[PDB]
Amino acid sequence: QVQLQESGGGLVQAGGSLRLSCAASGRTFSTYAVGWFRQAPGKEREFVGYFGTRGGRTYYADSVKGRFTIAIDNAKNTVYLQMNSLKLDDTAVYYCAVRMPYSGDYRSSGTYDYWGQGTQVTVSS
């Protein structure tokens, strides 16, 4: 079975950087695509970025494009979400999720099959 677990969350100073990780079982990341979502205090969960495992292309929400980047390790068991130049409103619980190729809009949370439990990122002024 597919099991996802995020890690790396913590308290960070505005303007700082932080790298989150999403670990998956077996070859999950070789057959599924990966997306990152986040839920800020009081708001609805929203799309952050997508990583297509076929060619390695990435897509980012306008809110983080340029500052956030996604990658995968050599063994393909871990996907990362690198954050640069953090803002106060980047504070939220970050979630990684997986979906099967060609299954709909990658920006839509409804198209994902499995979700991690989330990791908190707190940006302080």
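Residues numbered from 1 in each chain as written, not as in the entry; some residues may be left out. Heavy atoms only, no water. Residues with missing side-chain atoms left out of burial classes, pairs and counts.

- Going by the header, the method for this PDB entry is X-ray crystallography, and the resolution given is 1.6 Å.

- The PDB entry lists the chain under the name immunoglobulin heavy chain variable domain, with Lama glama given as the organism.
- This entry appears in the Protein Data Bank under the title "Structure of a Llama VHH domain raised against a carbazole molecule".

Side note on the packing of aromatic side chains
- In total, this model carries ten aromatic pairs according to the counting rule given.
- Pairing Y59 with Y106 gives two aromatic rings, centres 5.0 Å apart and planes at 50°, and the pair type is tilted. Of this pair, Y59 sits in strand β6 (residues 58–60) while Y106 sits in the loop between β9 (92–99) and β10 (114–115), and the two are 47 residues apart along the sequence.
- Each residue in the set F37, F47, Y50, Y59, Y106, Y112 and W115 is aromatic and connected to the rest through ring pairs, giving one cluster. (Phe/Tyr/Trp six-rings, centres within 6.5 Å; stacked < 30°, edge-to-face > 60°. Helix = DSSP H or I, 4+ residues; strand = E, 2+ residues; numbered from the N terminus.)

Regarding the nonpolar core
- Ranked by internal contacts, the top residues of the largest apolar core, which has 28 residues, are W36, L81, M83 and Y94.
- For this core, the elements supplying multiple residues, two or more each, are β3 (18–24), β4 (33–39), β5 (46–51), β7 (68–72), β8 (78–83), β9 and β11 (119–124).
- Residues within four places of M83 in sequence aside, it is in contact with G16, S17, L18, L20, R67, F68, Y94 and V121.
- Membership of the second largest hydrophobic core comes to seven residues, among which are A33, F37, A97 and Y112. (Core = buried A, V, L, I, M, F, W, Y, C linked by side-chain atoms within 4.5 Å. Buried < 20%, exposed > 50% of the residue type's maximum accessible area, 1.4 Å probe, protein only. Contact = heavy atoms within 4.5 Å.)

Looking at the sheet that holds β7
- As summarised here, the arrangement of the four strands in space is β1-β3-β8-β7, forming an open sheet in which the pairing is antiparallel. Across the chains shown, the open sheet's two edge strands, defined by having one partner strand only, are β1 (4–7) and β7. Shown here is a sheet whose adjacent strand axes are inclined to one another by a mean of 20°, direction ignored.
- The pairing of β3 with β8 spans six bridges and is classified as antiparallel. Residue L20 lies in a different strand from β8, and its bridge partner there is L81. (Pairing = 2+ DSSP bridges. Axes fitted to C-alpha atoms, helices over the stretch in contact; angles between N-to-C directions.)

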